Amino acid sequence: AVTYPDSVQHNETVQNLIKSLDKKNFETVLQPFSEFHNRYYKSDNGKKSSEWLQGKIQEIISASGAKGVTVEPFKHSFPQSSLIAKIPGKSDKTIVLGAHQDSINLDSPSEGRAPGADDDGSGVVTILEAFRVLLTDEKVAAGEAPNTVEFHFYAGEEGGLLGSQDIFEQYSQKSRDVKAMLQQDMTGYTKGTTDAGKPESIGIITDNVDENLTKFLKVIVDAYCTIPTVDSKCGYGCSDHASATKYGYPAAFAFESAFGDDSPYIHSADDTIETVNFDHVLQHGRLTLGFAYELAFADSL
Ligand SMILES: *[C@@H]1O[C@H](CO)[C@@H](O[C@@H]2O[C@H](CO)[C@@H](O)[C@H](O)[C@H]2NC(C)=O)[C@H](O)[C@H]1NC(C)=O
Ligand SMILES: [Cl-]
Ligand SMILES: [Zn+2]
Ligand SMILES: [Zn+2]
């Protein structure tokens, strides 16, 4: 059982970090990331895209001056490796931000074009940019936050959550102490919402998640985003948060829209960067920042 703050504790600090978010950084990474023919987890394509992503993560670390922050691959039985970046804090209580890094063309997995721009390139560059801004905080970069923060870039999600399955099963076996896990998977498609006359929102998924953490996630969005929430269910274990839930860890999941208004282009050649609304992924950047910072600095977790 894990419990959370009732209201945000660091509004001033987080609002100031939010000003350092740079909308252009999403596109600058997402454009070449989605130019891999696909990022299929069984393919040398997915191996190369994971290596490319690791270099982009490393560039941010080396640029940050954060001496103790690392990124390391996590090997699987398939060629594409997951990536775990760690910001060590004073305790081993760990906050995880997740996204998956593979893409797939369901009709032609090995050879088909799969730009995976919304699914899940949008979530990758969302948490990548929040990671960079988090490292501009001197306390975080010094290793001085109460809690440890990890950023997970899961391989093989399109095979059935295969990378996050390997990671959380190992974490569980080694008694890793994950106090919160936020998954972000598809953060850029708003056309489904606005086409129907609805206002742009953050979708909160309420199945296969922890009730207390999900309530905390709504607190984060109400404080640090400028668009409202909408609750939705997917009806199955639709992303890597379900791997955390499977091993008892508290997980939550923020989404681009109500589930029925999400991108109809996923898992095909049509999931392109032209479908992504970078003002919306900026809202997901704000919530990733606030979620990570508020929980990194919660002693009673
Ligand atoms: C977090 O801080 C922001 C300021 O950065 C607060 O927003 C301000 O609210 C007061 C109320 O009148 C005014 O100074 C401005 O209207 C707001 N400023 C901006 C830039 O929006 C915000 O209310 C705080 N939120 C929480 C939850 O504490
Ligand atoms: Cl999906
Ligand atoms: Zn996905
Ligand atoms: Zn998918």
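The residues of the chain are indexed from 1 along the displayed sequence.
- In this structure, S91 contributes its side chain and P146 its backbone to a donor-acceptor pair below 3.5 Å.
- With 3.5 Å as the limit, one finds a donor-acceptor pair spanning the side chains of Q165 and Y247.
- The closest side-chain donor-acceptor pair between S62 and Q58 falls under 3.5 angstrom.
- Counting only heavy atoms from C-beta outward, the side chains of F291 and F216 approach each other to under 4.5 Å.
- For the residue pair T275 / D118, no side-chain donor-acceptor distance below 3.5 Å is found, with atom types taken as modelled.
- Side-chain atoms of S64 and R132 form no donor-acceptor pair, as typed in the model, at a separation below 3.5 Å.
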Are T288 and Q184 close enough, and set up right, to give a side-chain hydrogen bond (donor to acceptor under 3.5 Å, both in side chains), and what steps lead you there? CA-CA 9 Å; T288 304; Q184 279 183 92; 2.2 Å; yes
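- Of all heavy-atom pairs spanning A114 and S103, the tightest one is O-OG, 2.8 Å.
- Tracing side-chain contacts under 4.5 Å through hydrophobic residues (I, L, V, M, F, W, Y), one reaches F74 starting from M181; they form part of the same cluster.
- Taking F78 as the reference, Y41, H76 meet the ring pair (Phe, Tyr, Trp, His ring centres under 6.0 Å) condition, with sequence neighbours excluded.
- No more than 12 heavy atoms of other residues, nucleotides or ligands shown are found within 6.0 angstrom of CG on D6.
- In this structure, a donor-acceptor pair under 3.5 Å is present between the side chains of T190 and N277.
- Within the model, atoms NZ of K218 and CG of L287 stand 13.5 Å from one another, a figure rounded to the nearest 0.5 Å.
- Distance check: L295 CG to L217 CG gives 10.0 Å after rounding to the nearest 0.5 Å.
- No hydrogens or angles considered: a donor-acceptor pair under 3.5 Å links the side chains of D185 and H100.
- A donor-acceptor pair under 3.5 Å links the side-chain atoms of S201 to the main chain of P199, judged by distance alone.
- In this structure, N147 contributes its side chain and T94 its backbone to no donor-acceptor pair below 3.5 Å.
- Taking all atoms of both residues into account, the shortest heavy-atom contact from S49 to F33 is O-CE1, 4.1 Å.
- Between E158 and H267, the side chains place a donor N or O and an acceptor N or O closer than 3.5 Å (distance only, hydrogens not considered).
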Quick one: do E169 and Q173 satisfy side-chain hydrogen bond (donor to acceptor under 3.5 Å, both in side chains)? Show the steps, please. CA-CA 6 Å; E169 170 190 77; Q173 180 71 51; over 6 Å; no
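- Summarising the geometry of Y171 relative to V178, their closest heavy-atom pair is CD2-CG2, 4.0 Å, with the distance given to 0.1 Å.
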For the pair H10 and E294, evaluate side-chain hydrogen bond (donor to acceptor under 3.5 Å, both in side chains) and give the outcome as yes or no after the intermediate values. CA-CA 7 Å; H10 304 288; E294 290 283 347; 4.7 Å; no
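- Side chain of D102 to main chain of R39: no donor-acceptor pair is present (N/O by atom type, distance under 3.5 Å, no hydrogens or angles).
- Under 3.5 Å, the side chains of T126 and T187 contain a donor-acceptor pair of N or O atoms.
- No donor-acceptor distance shorter than 3.5 angstrom exists from the side chain of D207 to the backbone of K233, with no hydrogens or angles considered.
- A donor-acceptor pair shorter than 3.5 Å cannot be found between the side chains of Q80 and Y40.
- Within a 6.0 Å radius of CD in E111, no more than 12 heavy atoms belonging to other residues, nucleotides or ligands are found.
- Here the closest heavy-atom approach between residue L301 and residue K93 is recorded as O-NZ, 3.0 Å.
- Judged by distance alone, with hydrogens and angles left aside, the side-chain atoms of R286 form no donor-acceptor pair with the main-chain N or O of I18 at under 3.5 Å.
- For the atom pair CH2 of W52 and CG of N45, the computed distance is 14.5 Å after rounding to the nearest 0.5 Å.
- Between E256 and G188, the closest heavy-atom pair is OE1-N, 3.5 Å.
- For the atom pair CD of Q183 and CG of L161, the computed distance is 9.0 Å after rounding to the nearest 0.5 Å.
- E150 contributes no side-chain N or O that, together with a main-chain N or O of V96, makes up a donor-acceptor pair within less than 3.5 Å.
- For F253 and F255, the distance between ring centers is under 6.0 angstrom.
- Between atom CG of residue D270 and atom CZ of residue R113 there is a gap of 10.5 Å, rounded to the nearest 0.5 Å.
- Not counting sequence neighbours, the partners of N25 by the side chain to side chain donor-acceptor pair (under 3.5 Å) test are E129.
- In terms of modelled atom types and a separation under 3.5 Å, the side chain of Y249 and the main chain of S172 share a donor-acceptor contact.
- When all heavy atoms of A296 and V149 are compared, the pair lying nearest together is CB-CG2, 3.7 Å.
- Rounding to the nearest 0.5 angstrom, the gap separating the OG1 atom in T13 from the CG atom in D137 is 7.0 Å.
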